[PDB]
């Protein structure tokens, strides 16, 4: 895919020729096992599968990286990365997803030290990375659900001085808007369940990275732990991936419209969105994101959140994000129910007509 620009790589990355038949869309490789005498690279599906490899090739290509590994889910991608951290070693994470905290709790019970910190300030960064035995700095940016953003290039340099690996959970931004490896991180982490697959009909995760020893370690764990995705699942993720830039560009454009509606509403308090000049880290946003994304959160002042949630007729009240269907949730009641107020609302903008979405939001806020 050398010489292919990003949108071209979405369509043709890993689109391996079919010998003999010439299929434009690669056939779906469902076989669990392989005839050894007919080859010698493919032995067993948990280890090797052409449809999976094609998706991995595409994902790697999207960040100009040599390696990628896909998993049964975003959590599995994250768990795989955490397994490489030894008991006694330390993980530093942003203080601002409940999923990753569940994993962090699991890692803690295995003896991993988890430290939460403010990575938006030089003071907070300095203190965090002063942690002894620092092995991994875990950056989510923009964060969920307050959408604070962390200077990946800066934190990476500081972390690399201390010998630590840096991972960026790039799920919110997607590789259309943010390129962590180019920013200096060692790993990009994805829940491909969200915008990468984009149609809310398949679970998946991915890690994208450049280090060969990390690669060997990652594949070893995936093989032994068996958190591999199915071939049909990889097919759906890969198919959704074609339209990723078209979809993200639309969602961002609509998000901007919705933000203006929110800021003009007498019943909305704080509005959290990376594209706002008043965003506490806007300069960083301009430095590392090509566009401010499709996720918005805000404080609803009009009463109980459930009343707001009940009034939407187009937004779906449900969890997850990044898909073609617009979604709304209340973190306190839903994802973060186990600075997040009881009335914080999070929007994931889909690809519906922006005026329909704007009118629905406006009716809801009433």
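Residue numbers count along the first chain shown, from 1.
According to the entry, the stretch of the deposited sequence that connects residue 27 to residue 28 contains no residue lacking coordinates, so the chain runs unbroken between them.
The entry shows an unbroken chain from residue 32 to residue 33, with no unmodelled residues of the deposited sequence in between.
The stretch 12-20 shows the higher mean C-alpha B-factor when 12-20 is compared against 343-351 in the entry. Looking at mean Cα B-factors across 314-322 and 299-307, the upper value is held by 299-307.
Of the candidates 89, 223, 243, 188, the PDB record gives 89 the highest C-alpha temperature factor. The maximum CA B-factor among the listed residues 293, 198, 280, 204, taken from the PDB record, is found at 280. Residue-level temperature factors show residue 81 in the middle third of its chain, judged at the C-alpha atom. In the deposited entry, the Cα temperature factor of residue 109 places it in the highest third of its chain's modelled residues. Remark: residue 272 belongs to the middle third of its chain, ranked by C-alpha B-factor as recorded. In the PDB entry, a CA B factor belonging to the lowest third of its chain's modelled residues is recorded for residue 50.
For residue 61, the recorded CA B-factor ranks within the lowest third of the chain. Only modelled residues enter the ranking.
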